[PDB]
């Protein structure tokens, strides 16, 4: 049915006024009501590109490669190469004397399997422009190889001819390795070992250094070029992170046009053919250590040797003959869509019976299943405090709490690790004798025309199960407990689909064009494994649609801003808009918070009472998050203990808030550096109960940014998608009712943030909006019949024709002004009166009073 949209009469008077002042014409009402006239409107191009290459140069005196700038004051700034080489050679032998715990550790370094091969490696790397270092996970190629390379260059007095960039796919890997390698050198991060992840960096010195960054960070610094670098180490290639696959394309163009450069690809035990063939049949340096085999078992065997009982074709129904009558009878009572918490619980205390000491590594998909499984054991008898030691490893936990997994345990105690697939190839634990495998992955599923980053649990590869097994048996003959039928193993993929095949490419596309590497399609066609066509088309369509590219597929001044922002391009455009309305700080804050988990500490079930009160009366998860942020930033002014007090009292995660903050600041600086003034990015206090026109527009711009994640409320926990299918409220949301209950809303229009798919479908992080916001920013294709209005062809609205089409115009005028200010962002100071009245009209229609709503 439609919605009874009740505007004022003198408001409609205003919307037609401004539209006249802007010298634009409203699409007239249909003569025949059955004619579905569309309200949408629409509206210099630049010369095209040619296939080009990122420039390279080796390390230089008076050039910091980590700040990508000159240095005209200090020892190195003034000194000569040999001076530095000599000096630094001495510093280490000075250090060698005086530190009495350094050689304590350096011996530990030489016990690592990769130690053996140091000669062969350095030998290969020297004589070949590209190298692959294949070897098992645990040999120590991550930590050691970049040292081996530096150590050598130091003690041949070529220290200043050495700068190493080491890319890691995960944020956590980059930093924690940087920490480890700096420890193994008797230092703290900053001396010779730096890092650089998204929104956080501890840079090293300009010479004889090692930089551990993420691929995205490196890619966005390549506008300056790969200047002042001797070696480029691309670790964990076998993971097939889409950004690594992309980087490899870039690097291959480099090694052609600059063969002096040195590249080092590092991989687990997989087929490295395509990589070797890609890089001109480059040498492979195999690496291996003394490792023990493992008996692996499957979900038949697990139930066999515990006597367990619980309360696409199903593979649990299929079972072997030699397995007993009760074995089958049990397993078939348990679907494969969810992993059995109850079985693995019983499977742990079977390991007791084997009476062999060691740690059990449990593979699960996601924080959700790890945090539940933890509270399943820890808050349960048998599993006492002094019997078992249950450590989680999400990569979303304090980095102190991560390290626990490595250091040993008091004797007669079992160390249980509930980790993600980080521990599959990225990190190795020492005590691991046993492994339990969910045989499942957590992947963002996003195909063409989804426009929804949808997290979904899926089956792992045969290769995955193989690699998860090998974690057991780095100490003694081990055991591996696969929680998948023997039938389900047969119906598994051998390898998993690489990210290139199943990820958006609009971020990759902006990069391509910023770096002037040629055409989006042409470039990705050179990939080790190119993406599907429709993905490239979708990426191209998507960037054109928001004027990041012209129709000639070249980078507009807007797209450049979006290229320099390290966030989703829509949120980048949302921020630029907010700057124009002088709500830049507010809207950057929301952007930043997308890059981090929710700062609420949910004990389980749904949300609590006190947390929901941050929402206010705007029925918004986004305002909940924005309200805590205001309360936190005010409370932090007390001091360190005052900050944590607040957080402890309100049950908030203090780490998350400091990260969202630091990210907000960094976003803010890119806009400042882009030319936007300071005054449009100042902190602006707001209420979440009274009226707030600053916060009205901020909700409006959130409608834009999060489009097209829209829904409509009907029943208590029922909502309907944009397409029309039936979805739910997530239990974390503030707009979620309590069990059985319901709540009325001043509007059923919600722009939601994210959608999970594990048990069913559901929407997460919901924010209420008015009809006018839906029309103005959260709806592309809209049709009028004179009285009734159709929005994105599944949402109907009873409303004036002239007003509905006057709004769709403002949008088009706003988009025009976006273009205008992206040519010169300092424009927003001296805005012509027509423009500033267009911003006030938008401000007006943002409010709920103008849509016949009040929040009480």
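Numbering follows the first chain given and starts at 1.
In the deposited entry, the stretch joining residue 43 to residue 44 is interrupted by 4 to 9 residues of the deposited sequence lacking coordinates. According to the PDB entry, the deposited sequence runs on from residue 410 to residue 411 with no residue lacking coordinates between them.
Note on 515-523 vs 681-689: mean CA B-factor is higher in 681-689. Once the C-alpha B-factors are averaged per stretch, 166-174 and 430-438 rank with 430-438 first. Based on the entry's C-alpha B-factors, the most elevated value among 326, 550, 235, 643 belongs to 326. Across the residues 203, 76, 285, 500, the deposited record lists the maximum Cα B factor for 76. Sorting the modelled residues of the chain by their CA temperature factor places residue 838 in the lowest third. Among all modelled residues in its chain, residue 33 ranks in the highest third by Cα B-factor. Residue 349 sits in the highest third of its chain by CA B factor, as recorded in the PDB entry. Split the chain's modelled residues into thirds by C-alpha temperature factor. Residue 539 is in the lowest one. When the modelled residues of the chain are ordered by C-alpha B-factor, residue 386 sits in the highest third.
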